[PDB]
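In this chain, numbering begins with 1 at the start of the sequence shown. All values below were derived from every heavy atom in this structure, side-chain atoms included, with hydrogens, water molecules and symmetry-related copies excluded. Note that ligands are numbered from 1 as they come in the structure, with each ligand's atoms numbered from 1 the same way.
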Amino acid sequence: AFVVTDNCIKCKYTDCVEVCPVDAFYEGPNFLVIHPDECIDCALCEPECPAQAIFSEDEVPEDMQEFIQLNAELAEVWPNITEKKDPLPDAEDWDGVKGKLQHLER
Ligand code: SF4
Ligand code: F3S
């Protein structure tokens, strides 16, 4: 399963959803998650993230391990997203800011 980590929060570019063959992304107010049972690990989404927020589950940074379980839990309650939309308005002010998990909205 591929995992979306911190730098997606408040950027949410959604570029990643075009390339997913199986529509494994689920949508929240300011973040996306990958559903782990649906992901076929094709890796096509992680070159497409401008915020370079997607990782293979086995490559998630040590200080971002919470995001593996977070993707699995929020994909169960968030709506599936299958079309790209505009990035959130202030997405490049927040691109690259560390510590954005405190800003996640359910
Ligand atoms: S690795 Fe593939 S199947 Fe998984 S979310 Fe990404 S594009 Fe989709
Ligand atoms: S910022 Fe997020 S919405 Fe997708 S393109 Fe990157 S994982």
Sub-4.0 Å atoms of ligand 2 with respect to non-hydrogen atoms of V4: 7 (S)

Protein heavy-atom partner closest to atom 6 (Fe) of ligand 2 - residue, atom, separation in Å: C49 SG, 2.3 Å

Numbered atoms and elements of ligand 1 in range of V22, under 4.0 angstrom, heavy atoms: 3 (S)

Per-atom contacts of ligand 2 with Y13, taking only distances under 4.0 Å to non-hydrogen atoms: 1 (S), 3 (S), 5 (S)

Ligand-residue contact atoms, ligand 2 with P50, heavy atoms, under 4.0 Å: 5 (S)

Backbone N/O of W78 and side chain of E27: donor-acceptor pair under 3.5 Å: no

Any donor-acceptor N/O pair, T82 side chain to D23 backbone, under 3.5 Å: no

Residue pair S56 / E46: nearest heavy atoms and the distance that separates them: N-OE2, 4.5 Å

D15/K84 under salt bridge (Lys or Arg N to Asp or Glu O under 4.0 Å): CA gap, chis, key distance, verdict: CA-CA 6 Å; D15 286 302; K84 195 209 140 61; 3.4 Å; yes

Verdict with reasoning, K12 to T14, per side-chain contact (heavy atoms from CB on, under 4.5 Å): CA-CA 5 Å; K12 202 188 161 177; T14 67; 4.2 Å; yes

Same cluster (ILVMFWY, side-chain, under 4.5 Å), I34 and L44: no

Part of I54 within contact of ligand 2 (heavy atoms, under 4.0 Å): side chain

Protein N, O or S atoms under 2.8 Å from atom 6 (Fe) of ligand 1: 1

Cluster check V17, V22: I/L/V/M/F/W/Y, side chain < 4.5 angstrom: no

ILVMFWY cluster, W94 and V33 together (side-chain gap under 4.5 Å): no

Identity and distance of the protein heavy atom lying nearest atom 2 (Fe) of ligand 2: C8 SG, 2.3 Å

Minimum heavy-atom distance between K100 and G96, given as atom pair plus value: NZ-N, 4.5 Å

Any side-chain heavy-atom pair of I40 and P21 under 4.5 Å: yes

Taking atom 4 (Fe) of ligand 2 as the reference point, the nearest protein heavy atom with its distance: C16 SG, 2.3 Å

